[PDB]
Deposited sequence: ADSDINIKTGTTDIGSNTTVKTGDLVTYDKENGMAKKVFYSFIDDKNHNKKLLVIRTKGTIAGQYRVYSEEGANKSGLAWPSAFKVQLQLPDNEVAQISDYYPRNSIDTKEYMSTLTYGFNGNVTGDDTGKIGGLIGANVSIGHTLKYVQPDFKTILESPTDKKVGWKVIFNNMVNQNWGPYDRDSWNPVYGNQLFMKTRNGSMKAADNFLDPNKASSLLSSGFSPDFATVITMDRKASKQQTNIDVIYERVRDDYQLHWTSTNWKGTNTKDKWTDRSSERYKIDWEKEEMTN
């Protein structure tokens, strides 16, 4: 068995996403196929920010409600997706798993991981917002509703005297995924027929952030919050070339 290994990094300035790929070519002579493990890392910034003001009474906050990582082989490719990790949804604050010389580790407080229905050509992970306590008051989710206070997810005070924009929760008092962002650690295994003639493969990797629109307004007596789901989507797509002969992945 021979193992050839590599790092690839691209930063998407527009979408604020550091996209890191660690790859391993595993060539075991007693295996029917050449293996490539694509470890998908980097960081998608949260970009929790007040984006709007309209007097002292109305204000809006953009906040990340989902992160996504997807790998997709073009239609006419002979190579196939053979395995993926996590293999299923993950509910826990932390994800840790050892593959055999990898330890996958990522943190996802207030979020959970959903595995997108894999094919032989595509696989993906959604890290979606679950629920959150707000200064010991929650848990609130995207569907929380109160007849007086509306959705209170990111409402600082119910009755505060400040401008609307000064009444959103501090990102440091919430999940680190909101501000600091999300750092993926997912693994994909590609297999390739050794006898196949075109010993080159294209693969696309997509990083995605979906942001919600959390809005505060003054109800003449108190603050009221409303959330609109999936207002903005930021999609960063990248094509890599796989060369099974040379055992390189490039950019």
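Gaps in the coordinates relative to the deposited sequence fall at 1 to 17, 118 to 142.
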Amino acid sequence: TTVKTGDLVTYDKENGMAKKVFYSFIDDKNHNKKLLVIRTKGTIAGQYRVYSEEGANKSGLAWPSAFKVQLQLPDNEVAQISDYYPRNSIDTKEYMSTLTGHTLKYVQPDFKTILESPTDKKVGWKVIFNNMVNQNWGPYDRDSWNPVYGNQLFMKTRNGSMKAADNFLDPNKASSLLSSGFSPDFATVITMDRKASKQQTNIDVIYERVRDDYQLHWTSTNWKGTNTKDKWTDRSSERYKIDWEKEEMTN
From here on, numbers count along this sequence of modelled residues.
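The deposited model assigns a higher average Cα B-factor to 48 to 56 than to the other stretch when 48 to 56 and 61 to 69 are compared.
Stretches compared: 80 to 88, 136 to 144. Higher mean C-alpha B-factor in the entry: 136 to 144. Residues shown: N32, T43, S220, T188. Highest C-alpha temperature factor in the entry: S220. Among all modelled residues in its chain, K156 ranks in the middle third by Cα B-factor. Placement of the Cα temperature factor of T233 within the chain: middle third of the modelled residues, per the deposited record. Among all modelled residues in its chain, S175 ranks in the highest third by Cα B-factor.
Ranked by C-alpha B-factor against the other modelled residues of its chain, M162 falls in the highest third. The entry lists a Cα temperature factor for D193 that places it in the highest third of the chain's modelled residues.
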